[PDB]
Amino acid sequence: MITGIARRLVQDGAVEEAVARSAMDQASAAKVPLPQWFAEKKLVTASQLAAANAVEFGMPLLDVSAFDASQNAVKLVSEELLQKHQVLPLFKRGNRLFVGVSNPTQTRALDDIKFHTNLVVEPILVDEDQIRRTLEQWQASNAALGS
């Protein structure tokens, strides 16, 4: 019976089949959304969880640490939205604003950003930690251009 990210995480070798069964069983008992369970129980790493999230949802995954910060798009989104959702806007091309997310179901942030920005928003997977660290760095860079 192991399916979902529970399945992928053992595909990718991130955690054993036994301890994946636990998480399905206990996250059902707790009525807790399974990937949050994995994340909060610290059974796998933020990047491990994101690699499964990607294969699981047909969504691309990016290492932002290789992203050239000078090209970011953080400034196109209010800081207020940046707080309400843990998301990391990455890059504009034409209409598109690519927005890094740690959870691919997290549709509320994409609609809020579309409305705010009147651009086409496509999501990209970035793992939860890189979103946190890289956002604050990119904000330091942008801040060096002025108030």
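For every residue, the number given is its place in the sequence shown, counted from 1.
Peer 1: Hey, which bit's got the bigger mean C-alpha B factor in the entry, 100-108 or 25-33?
Peer 2: In the deposited entry, the stretch with the higher C-alpha B-factor mean is 100-108.
Peer 1: Given the B-factors recorded for C-alpha atoms, which segment has the greater mean, 136-144 or 1-9?
Peer 2: On average, C-alpha B-factors are higher across 1-9.
Peer 1: Could you check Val55, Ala39, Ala69, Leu119 and tell me which one carries the biggest Cα B-factor in the deposited entry?
Peer 2: Highest CA B-factor of the listed options: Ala39.
Peer 1: Kindly indicate the residue among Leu90, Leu61, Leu49, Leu43 with the greatest C-alpha B-factor in the PDB record.
Peer 2: Reading the PDB entry, the winner on C-alpha B-factor is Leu43.
Peer 1: Could you look up the Cα B-factor of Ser78 in the entry and say which third of the chain it sits in: lowest, middle or highest?
Peer 2: Middle third - that is where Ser78 ends up once the chain's C-alpha B-factors are sorted.
Peer 1: With respect to C-alpha B-factor, does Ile131 fall in the lowest, middle or highest third of the chain as deposited?
Peer 2: Middle third of the chain for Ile131's C-alpha B-factor.
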